[PDB]
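For neighbour counting, all protein chains shown are included, and Cβ atoms are generated from backbone atoms with ideal geometry for every residue, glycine included. All of the numbers you see were taken from the coordinates with simple rules; none came from a lab.
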Amino acid sequence: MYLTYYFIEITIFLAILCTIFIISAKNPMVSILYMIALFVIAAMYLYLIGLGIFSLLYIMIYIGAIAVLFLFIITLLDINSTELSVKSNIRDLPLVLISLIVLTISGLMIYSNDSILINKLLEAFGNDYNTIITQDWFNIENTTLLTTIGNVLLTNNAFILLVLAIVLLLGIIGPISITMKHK
Amino acid sequence: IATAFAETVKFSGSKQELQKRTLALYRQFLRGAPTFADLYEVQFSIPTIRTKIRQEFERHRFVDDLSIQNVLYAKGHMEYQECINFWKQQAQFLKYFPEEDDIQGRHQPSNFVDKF
Amino acid sequence: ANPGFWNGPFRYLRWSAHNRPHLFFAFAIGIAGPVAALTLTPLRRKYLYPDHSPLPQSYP
Amino acid sequence: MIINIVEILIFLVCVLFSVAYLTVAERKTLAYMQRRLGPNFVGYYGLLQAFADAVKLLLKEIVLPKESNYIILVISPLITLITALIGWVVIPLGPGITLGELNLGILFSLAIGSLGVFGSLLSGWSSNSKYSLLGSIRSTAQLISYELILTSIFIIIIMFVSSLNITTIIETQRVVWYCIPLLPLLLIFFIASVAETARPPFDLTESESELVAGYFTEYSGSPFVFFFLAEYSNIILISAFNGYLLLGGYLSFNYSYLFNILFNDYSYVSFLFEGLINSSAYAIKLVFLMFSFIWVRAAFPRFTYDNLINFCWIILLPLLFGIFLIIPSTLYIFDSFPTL
Amino acid sequence: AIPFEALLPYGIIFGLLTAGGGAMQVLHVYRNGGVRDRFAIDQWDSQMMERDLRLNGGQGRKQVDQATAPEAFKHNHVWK
Amino acid sequence: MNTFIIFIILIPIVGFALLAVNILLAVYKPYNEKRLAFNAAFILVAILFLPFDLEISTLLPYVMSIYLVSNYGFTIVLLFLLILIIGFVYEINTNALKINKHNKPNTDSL
Amino acid sequence: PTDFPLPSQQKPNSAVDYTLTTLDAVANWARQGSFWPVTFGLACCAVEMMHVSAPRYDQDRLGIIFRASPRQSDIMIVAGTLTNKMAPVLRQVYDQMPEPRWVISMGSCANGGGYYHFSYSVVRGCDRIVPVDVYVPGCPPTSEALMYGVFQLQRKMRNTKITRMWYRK
Amino acid sequence: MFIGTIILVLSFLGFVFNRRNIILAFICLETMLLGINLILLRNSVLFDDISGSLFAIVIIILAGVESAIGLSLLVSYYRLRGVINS
Amino acid sequence: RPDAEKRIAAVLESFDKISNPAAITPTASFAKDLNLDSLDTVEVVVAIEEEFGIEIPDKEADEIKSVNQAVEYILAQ
Amino acid sequence: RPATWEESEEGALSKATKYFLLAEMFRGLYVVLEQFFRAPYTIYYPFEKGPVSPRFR
Ligand SMILES: CCCCCCCCCCCCCCCCCC(=O)OC[C@H](COP(=O)(O)OCCN)OC(=O)CCCCCCCCCCCCCCCCC
Ligand code: SF4
C-alpha cells in the first residue's frame, strides 16, 4: 500500500514540532519565520485531505498577505524582547500548563458525539481504528466544480458577502483614521 | 543654515569666561569618551582616553594670552566636533595615541653615547 | 493651475478632465458599466435564452 | 517512471540553459541598442559568457559579522527554489497540448509569484543596518503594490474563461486570438510586469552606492548567482505568464494547420511535428515579449518611489476597478456569460 | 540591416524551448500510446477513464468482455 | 506521483547542490573588516495592501463560477464593487507624502 | 620515516601535466572571461575608465561589467590620484573583497604618486596602501592603455596555475 | 480533528505563557484562526459540499482584516511614528 | 540621600591623587580639602555622573564645589 | 516678464489621450528601436586600434 504514503497523512507531528518552536524562539522574528512553515504544513495537510484549493488559498493570502505584513511590521518599531524561555521565565509554566493541556485534551474529548460518560473521551482517540471510509461512484454529476459551489452558496447567502464588504470597508478606513493624523 | 553638533565661533573677552568655556568643553570632551571607544573600537581602555585628554589639556596649561587661547579653544571644540561623529576614522584617530613600544625595538635611551 | 470646482457641473467635468483627468477617464468607465447595463432591456429585444441544464428528472 | 524523469530533466535543462543564455542575449541586445557590441569574445564564438561567469563567481563566498549566515545562505536559495523554478510546476503552457502539470493552473502561479515577495523582504532584513532595512521595506512595499494589480487583472481576464485549469484558457483563446485583440490592457499588465519582478526601468531598491557602497546586502558568492538566476528566471516566467494568458499561445497557423497538416501528413505519424511548431509559436511569442523588457531597461530612467506608489494606489487601480465594472457589464449586455 | 550577431542568442533561446516543447509532445504520446492526452475533466474521467481501466487499455468498442463484472473497483481510505 | 512531485522535490536538492558546490573550494580566510525612523506612507501602503488582496480572494470564486449565477450574481457583485469603490474614493483623498519644508509668505516692513 | 627520496625538481614550469592543466585552465578561463571590477574612480582617470564603457573601446566586448559593490567584485581599479584623506577608506574597501583579488593602478598618480606626489595631502603611490598586480602608466592613460593593461592582467591570470600548485609544482 | 485541536490548544496556551515578545502572542492569536479551520474543513470534507466551507472562506477573509486592524493598532501602542519619550 | 555618598566616597576613593581617604571628610571641599585641579574638579564630576548613569546640565556642573552640593543634586532623581 | 496665464485650450480630449496612453513615451521606444538597426562602433582592440595622431604622447 506504499507504506509511507499511508502515514504521509500524519504530519501533525511536524505541526506540533513547529508550534513548540513558535512560542520559544530566540529572536522575535525567527518565530514568525516558522509561522509560515506552520501555514505551509497546513496547506500540505489540506492538499492531502482532498482540498488543494484551500491549500493554494492559504499560500496566496496568508503567507501572501498577513505573514508578509507581520514581517513588514517586525522590521520597524521592533519591540524589546525577553531573550528566551529561561528557567526563571519557565517559572510557573509547568504548574499550570500541564493541567491546562490535560483539560484541553478533555475538551477535544468533549467534541465527541453523544455519550454521557468518559467512554466518548476514549472513543474519538480510537476513531481511526475500527473504520476506513468507503468512497463511491459517480451517480449523475453533470458539471465539474470545486469552488464554483462556494460561489453558488455565496449567491444564496449573498447578504454575508455584502456585509463582509463592510468589514473590508472597515479594514481600510480604520487604518486611515488611526494612523494618518490629518492636518 | 545648519550645524552638526552646534559648533559656535564667538570668542569672548575676559579670561575667566574663556576659562569656564574651556572647562565645559573639557566636560563634553571627557563625557564622550565611552562614545569614542564604542565608535572607533580601540584596544586600550576608557581611562587611557581620559588620561590622554588630561595630558592634552595640560600641554597648554601655561599659555598666557587669551588671544592665543581663543584659537586653542576653537581647535579643541572643533576637533570635538570632528570626533563626536564619524568624520574621523580609526586610522585618522590613532594619530593621538603613541600606544605601543614594541614597534620600535631597542632605541635611543636619551644618552649621548647611544646617539652614536 | 486650477483644480476642479463643483458649482458649474458642465464646467466642472471640463476642468476635471483637463487638469486632473486620470480619475475622470476611470469614472467614465465606471458610469459606462451600469448605465449601459440598464439600457439593454430594450436592446436585447428578446435576443436569446441560454437553456442549460443539470439532470432533467421528468414528471408522471 | 523513467519517461517522466527524463521528461523533467529535459524541461529543467531547457529552462536552466535558457536562463543561462538569456543574460548574454539581453546584454547583446542592450549593446546593439546602445550602439555597441555585447560579449563577443568568450571562447568559441561569443555565446558563452554567462556559462563561464557562473563557474567564475562560484569561488568567492564571503559572510558578514552583522548577520546570521543561516538566513542569507538560504533566502536567495529561497527565491531560487520557489520564485524561479517551481513557478514552472504549472508548466505555463508547456507549449503543446500536454504539460507536466495536472490542473488548476493560474492561481498556483499567483501563489508562487506571491510567495517570492518575502523572499525579497527577508533578504533585505539582513545585516541590521538602519539604512538598509528601510530600503528593504521600500522594495517590498512597491513589490506587493504591483503584485496586487497583476492579481486583480488576471483574475478579470479569466472572466472570459471561468475555468481555472491551465489549458482551458488556451483552448478558449484560439478562436479570437482573445489575448490582446479584444483588450489592450496587456500593456498595463506589461507595465505591471516590470514591477512585480523588478528587472525594471524602476531599479528602485538598486540604489547601488547611494547607500553605504552597497544596495541589497552584497551577498556575493553562490547567493549572488542564486539571486541573479532567480531574477532572470522570474522574468522569463512572468513573461511566459504574459504569453500564457493575456498574450496568446497557439498561433493561428496551427488553426490553419487544418489546411496544412492535411496537406502534409497522412494519418498521425507519431505526432512528430505539431508540438514543435506549437513550441515555435510560443517561443517566438515569448522572446519577442521580453525583447520589450530589454527595450525598457535602456529607454526610461528610474522611478522615484513616492511617484511609484502614486502610480499604484492612485491611477492604475481605479482605472482597473472601472475596467471590471465594464467587463462584467459588457458581456452581460451584448449577449451573455461564459460557461466552464 | 539586421543584427546577425544579436539574433543568434535569440535563435538558441528559440531552439531550446522549441526542442523542449517537441520533447514534451513525444514523451506524452509515448506515455499514452499513439493518442493525444486528456485534460482534467474533474469528477468525470474518474467515472469514465477509471471505467476504461476497469475494462481495457486505450479504448475498445464491443458489447462486453467483463468477468465478475471485470472486477468492480471500490476505493477505501483512512479516516482523517 | 510521477507528474510534478518530482519537480518540487528535485528542485530543493538542486538548490542545495549549487549552493554546496562552492562552500568547500572557495577560499574564505576571513581576515577582518567584514533606533529608527518612519513615515505614514511606508506603513499604510502595506496595511491597506491586505484588504485589497482579500477582496480579490472574495471575487475569485465569483469569477470562477460566473455562470450558474446569471442576471443576479452580476447585481450582487456590482453592489460589492460599489461598496468597495467608495472605500477607494475615501482613500484617494489623503495618501501622499508631504514635503515639510517649503515656505512662501510675503515680506512686510514697518 | 627518517629518510628522504625527494630530488632536485624543476621550477614551476611543466608540460607532462595530466588533467590539471585542463581543469585549471577551465577554471582560469572562467575567471579570465567575465572579470568585473568595482569602480573606485577618483579623478580624470575615471573619465577615461568610463570611456572604456564608451562604445568605441567597449568593456562589454570583453566581459567587463562592473558592479558598484566591493563584495561582488574581482579586481579594484584604482584610478585618479589618491589623497591622504582617502586611503583608509580605500583599504577598508580592499579588505571587504573576496580572496581572488587583484588591483590595477590606473593612472600615473595612482602609482608612485604621479603628478602631484609632493603634496602634504597626497599618497605617494598606492603601493603604500594596497598590493598591486598590474600598473597602468601616465596621466590619463588611453582607453587603449587601460585595455592593454587588462589584457596583460588576463595574460597573468593564464599563468596562475593554482590547481597544479595544489599538486605542489 | 486532532490536527486542528492540537494546533489550537498550543496557540492558546502559547498565548497564555508568553512572558516575552508581544508579537509572538499576536501571531499565536493569529494561528488560532488557522487552527480552527483545520477542524472546520475536515468536518466539511467528512460531510459534504459547501456548508461549513462557506464559513471557512468567511473566516479567512475576516482573519485578514483581523491582522490588518491588529497591525494598524499595534503601531499606535506608543506615541505615533516616532518622537522623544522617556 | 542615604548611602548615595557611600557610592560617591567609593568613586572618589577609587579615583587617584587622593592619598588619604581619612582626609576625605564627606561634607567637605574638593579643591580646598584635597587640592583638586579645576580641570580635575569637573573630571571627577563627570566620573560621578557616569557612575550613577545620570546626565547633568551645564550650570549644575558649574555650581559643584563640595560633595554636599553633589549629593544635593543626586537627590534630584 | 511674460505673464503667461495658459489656462485653457491646450487640447480638446487629445490631452487625455496623450496622458492616458504613453504616446510620448512609445515615441522614445520607436526611436531606440530605429537606433537598434544602425551601425555599432566597437573597435576590437587587440586586433584594431583607435586613431593615433602624430602628436600623441
Ligand atoms: C475604450 C475602448 C476599450 C475599453 C477597454 C480599455 C482598455 C485600454 C487598455 C488599458 C488602458 C491603458 C492605460 C495606461 C495607464 C497609464 C496611465 C499613466 O501612466 O498616467 C501617467 C502618470 C503621470 O504621472 P502624474 O504626474 O502623477 O500625472 C499627473 C499630471 N498632471 O503616470 C506616470 O508617471 C507614467 C509612468 C508610466 C511608465 C511607463 C514606462 C514605459 C512603458 C512603455 C512600455 C510599453 C510598450 C510595449 C507594449 C505596447 C504594445 C503595443
Ligand atoms: S594620474 Fe594623471 S589623469 Fe589620473 S588623476 Fe593623476 S594627473 Fe589626473
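Checking each residue in the stretch I:21-36 for being within 13 Å of the chain's Cα centre (by Cα) and closer than 26 Å to B:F29 by Cβ picks out I:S29, I:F30, I:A31, I:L34, I:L36.
For G:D3, are the conditions met, namely being more than 10 Å from chain D (Cβ to nearest Cβ), over 23 Å from the mean Cα position of the chain (by Cα) and surrounded by fewer than 22 Cβ atoms within 10 Å (Cβ to Cβ)? In short, yes. Scanning the stretch J:45-57 for residues that are over 22 Å from the mean Cα position of the chain (by Cα), within 12 Å of chain G (Cβ to nearest Cβ), in a loop (DSSP other than H, G, I, E, B) and within 16 Å of ligand 2 (Cβ to nearest atom) turns up at least one hit. Pairs are defined by a Cβ separation below 8 Å, a sequence spacing of at least 6 or placement on different chains, a first member in the stretch B:5-17 that is surrounded by 10 or more Cβ atoms within 10 Å (Cβ to Cβ), and a second member that is assigned to a loop (DSSP other than H, G, I, E, B); the pairs so defined are B:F5/B:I84; B:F5/B:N85. Total residues in the stretch D:166-197 satisfying the condition of being more than 21 Å from D:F253 (Cβ to Cβ), away from ligand 1 (no atom under 16 Å from the Cβ) and among the hydroxyl-bearing types (S, T, Y): the figure is 1.
When C:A26 is tested against (1) among the hydrophobic types (A, V, I, L, M, F, W, C); (2) surrounded by 10 or more Cβ atoms within 10 Å (Cβ to Cβ); (3) within 27 Å of D:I333 (Cβ to Cβ); (4) away from ligand 1 (no atom under 16 Å from the Cβ), only condition (4) is not met. Kindly evaluate D:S162 against the criterion of being over 21 Å from the mean Cα position of the chain (by Cα), within 12 Å of chain F (Cβ to nearest Cβ), away from ligand 2 (no atom under 16 Å from the Cβ) and not hydrophobic (A, V, I, L, M, F, W, C). Here the answer is yes, as D:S162 does meet what is asked. Is it the case that the stretch A:162-182 has a residue that's part of a loop (DSSP other than H, G, I, E, B), within 14 Å of chain F (Cβ to nearest Cβ), exposed (fewer than 14 other Cβ atoms within 10 Å of the Cβ) and in contact with a helix residue (DSSP H, G or I) (Cβ under 8 Å, 6 or more places away or on another chain)? So far as the stretch A:162-182 goes, yes, one or more of its residues are part of a loop (DSSP other than H, G, I, E, B), within 14 Å of chain F (Cβ to nearest Cβ), exposed (fewer than 14 other Cβ atoms within 10 Å of the Cβ) and in contact with a helix residue (DSSP H, G or I) (Cβ under 8 Å, 6 or more places away or on another chain).
The criterion of being over 30 Å from H:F47 (Cα atoms), within 13 Å of the chain's Cα centre (by Cα) and of a type outside the set (G, A, S) does not hold for E:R61. Collect the residues in the stretch G:97-119 that are under 30 Å from D:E218 (Cα atoms), more than 11 Å from ligand 2 (Cβ to nearest atom) and out of contact with any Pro (no Cβ under 8 Å at 6 or more places or on another chain), keeping them in residue-number order. Of everything in the stretch G:97-119, those that are under 30 Å from D:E218 (Cα atoms), more than 11 Å from ligand 2 (Cβ to nearest atom) and out of contact with any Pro (no Cβ under 8 Å at 6 or more places or on another chain) turn out to be G:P98, G:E99, G:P100, G:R101, G:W102.
Residues that are assigned to a helix (DSSP H, G or I), more than 14 Å from chain E (Cβ to nearest Cβ) and surrounded by fewer than 21 Cβ atoms within 10 Å (Cβ to Cβ): does the stretch D:53-61 have at least one? Yes. Whether any residue in the stretch G:72-80 is facing chain D (nearest Cβ under 10 Å), buried (at least 19 other Cβ atoms within 10 Å of the Cβ) and among the small types (G, A, S) is what I want to check. Within the stretch G:72-80, one or more residues are facing chain D (nearest Cβ under 10 Å), buried (at least 19 other Cβ atoms within 10 Å of the Cβ) and among the small types (G, A, S). Just checking, does the stretch J:18-26 include any residue being assigned to a helix (DSSP H, G or I), within 13 Å of ligand 1 (Cβ to nearest atom) and loosely packed, with under 10 Cβ neighbours inside 10 Å? Looking for residues that are assigned to a helix (DSSP H, G or I), within 13 Å of ligand 1 (Cβ to nearest atom) and loosely packed, with under 10 Cβ neighbours inside 10 Å, one finds at least one in the stretch J:18-26, hence yes. Scoring G:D127 on the criteria (1) within 14 Å of chain D (Cβ to nearest Cβ); (2) in contact with a strand residue (DSSP E or B) (Cβ under 9 Å, 6 or more places away or on another chain); (3) among the charged types (D, E, K, R) leaves a single failure, condition (1). Elements of the type helices (runs of 4 or more DSSP H) sitting completely within chain F and holding at least 2 residues that are loosely packed, with under 15 Cβ neighbours inside 10 Å: these cover F:5-20, F:22-25, F:73-91. Checking each residue in the stretch G:133-169 for being assigned to a helix (DSSP H, G or I), hydrophobic (A, V, I, L, M, F, W, C) and farther than 16 Å from G:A30 by Cβ picks out G:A145, G:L146, G:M147, G:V150, G:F151, G:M165, G:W166. Residue check: D:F216 meets all listed conditions (1) closer than 21 Å to D:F293 by Cβ; (2) within 14 Å of chain G (Cβ to nearest Cβ); (3) surrounded by fewer than 21 Cβ atoms within 10 Å (Cβ to Cβ) but one, namely (3). Across the stretch H:41-76, the qualifying residues are those that are more than 19 Å from the chain's Cα centre (by Cα) and not charged (D, E, K, R), and the one among them that is nearest to A:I66 (Cα to Cα) is H:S76.
Can you find a residue that is away from ligand 2 (no atom under 16 Å from the Cβ) and farther than 25 Å from J:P40 by Cβ anywhere in the stretch G:33-44? Yes; the residues of the stretch G:33-44 include at least one that is away from ligand 2 (no atom under 16 Å from the Cβ) and farther than 25 Å from J:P40 by Cβ. Within the stretch F:83-102, the set of residues being at the interface with chain A (Cβ under 9 Å from one of its Cβ atoms) and not aromatic (F, W, Y) comprises F:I83, F:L84, F:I86, F:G87, F:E91, F:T94, F:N95, F:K98. Only residues that are among the hydroxyl-bearing types (S, T, Y) and more than 9 Å from chain C (Cβ to nearest Cβ) were counted in the stretch D:292-340, giving 3.
Per-residue answers, yes or no, for (1) assigned to a helix (DSSP H, G or I); (2) surrounded by 18 or more Cβ atoms within 10 Å (Cβ to Cβ):
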| residue | (1), (2) |
| --- | --- |
| H:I23 | yes, yes |
| H:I27 | yes, yes |
| H:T31 | yes, yes |
| H:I39 | yes, yes |
| H:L46 | yes, no |
| H:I50 | no, yes |
| H:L62 | yes, no |
| H:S67 | yes, yes |
| H:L73 | yes, no |
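Picking from residues in the stretch G:91-112 that are within 11 Å of another protein chain (Cβ to nearest Cβ) and surrounded by 19 or more Cβ atoms within 10 Å (Cβ to Cβ), the one that is farthest from ligand 1 (Cβ to nearest atom) is G:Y94.
Please determine, by comparing only the residues of the stretch D:8-29 that are more than 19 Å from the chain's Cα centre (by Cα) and surrounded by fewer than 22 Cβ atoms within 10 Å (Cβ to Cβ), which one is farthest from the other protein chains (Cβ to nearest Cβ). Looking at the filtered set, the residue picked out is D:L9.
Number of residues in the stretch B:57-98 that are surrounded by 14 or more Cβ atoms within 10 Å (Cβ to Cβ), of a type in the set (D, E, K, R) and assigned to a helix (DSSP H, G or I) equals 1.
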